[PDB]
Amino acid sequence: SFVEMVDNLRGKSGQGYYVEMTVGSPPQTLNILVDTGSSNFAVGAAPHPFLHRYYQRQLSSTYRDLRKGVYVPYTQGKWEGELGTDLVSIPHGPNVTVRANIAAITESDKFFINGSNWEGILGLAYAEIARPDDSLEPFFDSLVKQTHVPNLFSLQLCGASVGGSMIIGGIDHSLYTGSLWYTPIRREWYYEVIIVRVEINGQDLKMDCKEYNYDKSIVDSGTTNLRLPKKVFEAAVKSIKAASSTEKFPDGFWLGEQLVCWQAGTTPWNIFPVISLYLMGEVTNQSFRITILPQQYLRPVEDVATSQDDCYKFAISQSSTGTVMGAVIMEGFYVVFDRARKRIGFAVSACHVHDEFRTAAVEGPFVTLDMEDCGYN
Ligand SMILES: CCCCNC(=O)[C@H](C)C[C@H](O)[C@@H]1C[C@H](C)CCCCCCCC(=O)N[C@@H](C)C(=O)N1
């Protein structure tokens with residue numbers, strides 16, 4: 001019955017993917033952003049210039065107040081509100097209803113996005129990072145505990161205004177090609193994984209692999225870019241710069257502060273390198289790799305002015321809180337969050353965006369010694 005969930009995600013490029021949900025009785029319809037980078041379910045519950053609608057507790061007969069405040073800070077954006085519970089369901093998801101924790105957003109800062117079309121957020125990670133603390137059971141945990149929905153979900157994010165699928169409770173084989181490759185969820189808080197090697201156009205960056213996970217490495221559908229720790233970010237940009245030297249860039253471009261353009265249909269993709277991220281595998285000394293095409297880290301940005309050229313923004317940015325594999329990475333694949341078996345699977349997506357002479361891929365197996373040493377402690 002997964003076909004009913006295919007194509008249940010929508011969104012605007014760079015503004016997150018959202019799924020439709022209903023909260024309260026009678027059911028209140030809202031678009032909720034899917035965030036594997038957090039664990040709190042929250043919805044705008046008070047007027048806001050960027051919100052077209054919001055959760056109205058006074059109109060729901062099943063709403064229960066928990067009489068507790070809550071605040072949640074993200075890499076960018078934050079909100080605070082009032083905790084409570086209410087009945088929730090997903091129209092284009094499993095046919096079930098569950099009572100879950102809901103944070104009614106009363107105040108926010110740089111959280112809601114103008115014209116994004118979503119009014120709430122669904123944190124799909126674990127209770128360990130839930131606010132105010134791990135006692136606030138996350139939505140998916142509640143779903144799994146109250147219903148017969150298996151403990152896993154998969155995300156198929158399709159880039160270029162964007163669409164995709166969140167298959168709740170299973171894997172839909174019609175959405176990917178080739179084999180699924182699994183990497184262990186290191187610890188159950190963020191969906192933390194371990195990167196064991198990085199190559200750019202087939203050349204190893206040759207850094208201590210701990211640097212790749214310096215602090216941590218997570219998979220986050222709620223982050224647009226591929227975010228890399230300082231040292232790693234610098235090595236990558238240096239490499240990407242050198243490979244594309246035969247072109248001129250505003251330099252602010254490499255910081256994501258300025259976009260580059262080219263005459264329509266003349267983008268020199270061939271000069272931008274593919275990036276291969278090797279992830280720890282399921283067996284001893286075994287890993288696999290996923291390769292990223294420049295069409296993924298060069299996010300298209302429409303030019304409101306003279307819509308004659310194709311412009312793009314560099315979607316790889318520096319981080320101080322570890323590596324973040326955002327939409328830039330996920331859009332190229334079918335990603336399975338197999339909580340039950342504590343692993344995350346990757347497979348080439350059916351909606352992959354491949355160029356003409358190169359192909360995004362998930363390949364294995366590779367042999368890699370001392371992978372455990374790649375994890376930061
Ligand atoms: C409270 C512990 C968990 C905190 N988790 C996070 O902060 C994760 C890593 C980031 C979240 O996914 C947040 C989720 C944000 C609020 C909402 C999605 C907004 C659409 C994408 C906007 C551009 C973007 O890329 N935002 C990143 C920088 C971001 O902060 N992402």
Side-chain angles (χ1 to χ4, degrees), residues 36-37 73-76 129 183-187 189-245 247 249-258 260 271-281 285 287-294 296-299 312-332 344 346 366-377:
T36 57
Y74 301 102
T75 298
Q76 284 168 46
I129 59 180
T183 193
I185 286 176
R186 190 189 182 190
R187 188 212 303 179
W189 58 321
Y190 279 103
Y191 280 101
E192 189 188 355
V193 299
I194 292 172
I195 294 168
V196 303
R197 178 186 307 172
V198 180
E199 299 185 320
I200 293 179
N201 261 5
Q203 167 167 285
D204 194 318
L205 270 63
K206 293 163 60 181
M207 296 178 58
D208 169 31
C209 64
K210 277 188 186 298
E211 301 291 341
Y212 298 145
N213 313 294
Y214 178 40
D215 183 51
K216 64 178 172 300
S217 280
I218 69 175
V219 181
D220 179 20
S221 62
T223 290
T224 301
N225 301 358
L226 192 216
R227 301 186 67 239
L228 302 171
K230 183 178 185 177
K231 297 188 175 180
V232 182
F233 174 78
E234 304 184 313
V237 171
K238 175 176 174 54
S239 171
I240 298 173
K241 276 183 173 176
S244 58
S245 64
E247 288 287 309
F249 304 79
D251 175 47
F253 167 72
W254 299 107
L255 284 63
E257 302 175 1
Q258 177 62 301
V260 174
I271 73 176
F272 290 107
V274 298
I275 298 174
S276 291
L277 300 181
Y278 290 67
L279 301 168
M280 170 180 281
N285 299 334
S287 62
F288 68 89
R289 80 189 184 195
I290 63 180
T291 301
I292 315 303
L293 296 179
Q296 274 163 281
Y297 62 77
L298 281 186
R299 187 163 62 74
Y312 311 86
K313 287 181 178 176
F314 192 54
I316 299 183
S317 51
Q318 176 173 176
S319 172
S320 63
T321 60
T323 293
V324 184
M325 290 168 64
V328 163
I329 296 300
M330 299 181 68
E331 286 175 356
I344 295 183
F346 291 80
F366 285 81
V367 60
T368 303
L369 311 183
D370 305 333
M371 294 186 289
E372 210 62 62
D373 294 308
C374 298
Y376 176 71
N377 290 297

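The residues of the chain are indexed from 1 along the displayed sequence.
- Annotation: side chain of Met280 is not in contact with side chain of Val193 (no heavy-atom distance under 4.5 Å).
- Remark: side-chain polar atoms of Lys230 are not paired, donor with acceptor, to backbone N or O of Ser320 under 3.5 angstrom.
- Classification of the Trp254-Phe249 ring pair by plane angle, with boundaries at 30° and 60°, yields tilted.
- Scanning all heavy atoms of the two residues, the minimum distance from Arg299 to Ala315 falls at CB-CB, 4.2 Å.
- Among all heavy-atom pairs drawn from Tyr190 and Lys216, the shortest one is CE1-CE, 3.4 Å.
- Side-chain contact check for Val328 versus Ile316: every heavy-atom pair is 4.5 Å or farther apart.
- Side-chain atoms of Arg289 and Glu199, non-hydrogen and from C-beta on, do get closer than 4.5 Å to each other.
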Between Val196 and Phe366, does the side-chain contact (heavy atoms from CB on, under 4.5 Å) criterion hold? Intermediate values first, please. CA-CA 11 Å; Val196 303; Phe366 285 81; over 6 Å; no

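- At a threshold of 4.5 Å between non-hydrogen side-chain atoms, the residues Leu298 and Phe314 count as touching.
- Among residue pairs with one or both ends in residues 196-243, those qualifying as ring pair (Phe, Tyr, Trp, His ring centres under 6.0 Å) are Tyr214-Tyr376; sequence neighbours excluded.
- Note that CZ of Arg197 and CG of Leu205 are 11.5 Å apart. Values are rounded to the nearest 0.5 Å.
- Closest approach of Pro250 to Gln258, counting heavy atoms only: CB-CG, 3.7 Å.
- For the pair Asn201 (side chain) and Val274 (backbone), a donor-acceptor distance under 3.5 Å is present.
- Taking every heavy atom of both residues into account, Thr321 and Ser319 meet most closely at N-OG, 3.0 Å.
- To the nearest 0.5 Å, atoms OG1 (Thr223) and CD (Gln76) are separated by 8.0 Å.
- Of all heavy-atom pairs between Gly322 and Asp215, the closest is N-OD2, 3.5 Å.
- Although no hydrogens or angles enter the test, the distance criterion places a donor-acceptor pair under 3.5 Å between the side chain of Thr36 and the main chain of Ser221.
- Classification of the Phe288-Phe346 ring pair by plane angle, with boundaries at 30° and 60°, yields tilted.
- In this structure, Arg227 CZ and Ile218 CD1 are separated by 8.5 Å, a value rounded to the nearest 0.5 Å.
- A heavy-atom distance below 4.5 Å is not found between the side chains of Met207 and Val198.
- A distance of 7.0 Å separates CD1 in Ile329 from CD1 in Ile275, rounded to the nearest 0.5 Å.
- Within 6.0 Å of atom NZ in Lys210, more than 12 heavy atoms from other residues, nucleotides or ligands are found, so the atom counts as buried in its surroundings.
- Residue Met330 is tested with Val219, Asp220, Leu226 for a side-chain contact (heavy atoms from CB on, under 4.5 Å); the sole match is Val219.
- Summarising the geometry, atom CD1 belonging to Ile292 is positioned 12.0 Å from atom CD1 belonging to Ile200; distances are rounded to the nearest 0.5 Å.
- Listed by chain and number, the residues in a side-chain hydrogen bond (donor to acceptor under 3.5 Å, both in side chains) with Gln296 amount to none (sequence neighbours excluded).
- Results of the side-chain contact (heavy atoms from CB on, under 4.5 Å) test with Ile194 over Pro184, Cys374, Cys209 single out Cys374 as the only residue that passes.
- For the atom pair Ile195 CD1 and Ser276 OG, the distance stands at 12.0 Å (nearest 0.5 Å).
- In this structure the side chain of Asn225 never reaches within 4.5 angstrom of the side chain of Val324, judged on heavy atoms.
- Partners of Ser287 according to the side-chain hydrogen bond (donor to acceptor under 3.5 Å, both in side chains) rule, which considers only residues two or more places apart in sequence or in another chain, are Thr368.
- When side chains are defined from C-beta on, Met325 counts as touching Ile290, because their heavy atoms get closer than 4.5 Å.
- Applying the 6.0 Å contact sphere to CD of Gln203 captures no more than 12 heavy atoms from other residues, nucleotides or ligands.
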